[PDB]
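Breakdown of the fold
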Amino acid sequence: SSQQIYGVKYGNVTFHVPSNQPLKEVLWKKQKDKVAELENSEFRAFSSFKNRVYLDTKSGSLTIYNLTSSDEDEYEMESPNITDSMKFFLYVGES
């Protein structure tokens, strides 16, 4: 199933992943774009998210930083160990 998260402009949020096994290769996406991607023990974001993201190196959980009105979108993660792919919805609020 999917999950929704509650965020706030200029705030932080984390997208927990039920990965029984340490996610070695994770890939987070946002709509028709790319957010972050973990592989070869190396984490890296896309576009300019790298300067506003904090992807974990264990469960593959992703922690965004400094949210905006555009951050309020349905994110989707992908992992080899994962069953297929999850969709963690993000909601940006004022407070």
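An account of the accompanying structure is given in this report. (Residues numbered from 1 in each chain as written, not as in the entry; some residues may be left out. Heavy atoms only, no water.)

Focus on the sheet that holds strand β2 (residues 12-15)
- Read from one edge to the other, the open sheet built from 3 strands follows the order β2-β7-β6, with strand pairing classed as antiparallel. The open sheet terminates on both sides in strands that have one partner only, identified here as β2 and β6 (53-55). If you compare each strand with its neighbour and ignore which way they point, the axes differ by 15 degrees on average.
- With 4 bridges connecting them, β2 and strand β7 (residues 62-65) associate as antiparallel partners. Across the sheet, the residue bridging to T14 is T63, located in β7. (Pairing = 2+ DSSP bridges. Helix = DSSP H or I, 4+ residues; strand = E, 2+ residues; numbered from the N terminus. Axes fitted to C-alpha atoms, helices over the stretch in contact; angles between N-to-C directions.)

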